[PDB]
Amino acid sequence: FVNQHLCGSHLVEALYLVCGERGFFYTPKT
Amino acid sequence: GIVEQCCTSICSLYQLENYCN
């Protein structure tokens, strides 16, 4: 848990840096 | 999958790790 302004840009660059684009979710289907 | 997004619950990075690890 952090105290920053993390609203998408970083949760995206971070989840992707940790997963390596292996079966995760958040692929905005509109 | 799991929840959390933007800083709605516990805005964590360790929680983003849960996605693959």
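Backbone-built Cβ (ideal geometry, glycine too); neighbour counts: all protein chains shown. Here, each number is a calculation from the coordinates, and none is a lab measurement.
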List the extent of the Cα atoms of the protein assembly as shown along each of their three principal axes, largest first, rounded to whole Å. 28, 28, 17
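First measure r as the distance between the Cβ atoms of residue B:6 and residue A:18, then evaluate 1/(1 + (r/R0)^6) with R0 = 22 Å and state the FRET efficiency to the nearest 0.05.
Values: r = 18 Å, r/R0 = 0.80.
My answer for the efficiency is 0.80.
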Full-stretch length increase - residue A:9, residue A:25 - with 0.36 nm per residue and alpha-carbon distance subtracted: 4.2 nm
Per-residue mean of C-beta atoms belonging to partner chains within 10 Å, peptide B:1-9: 3
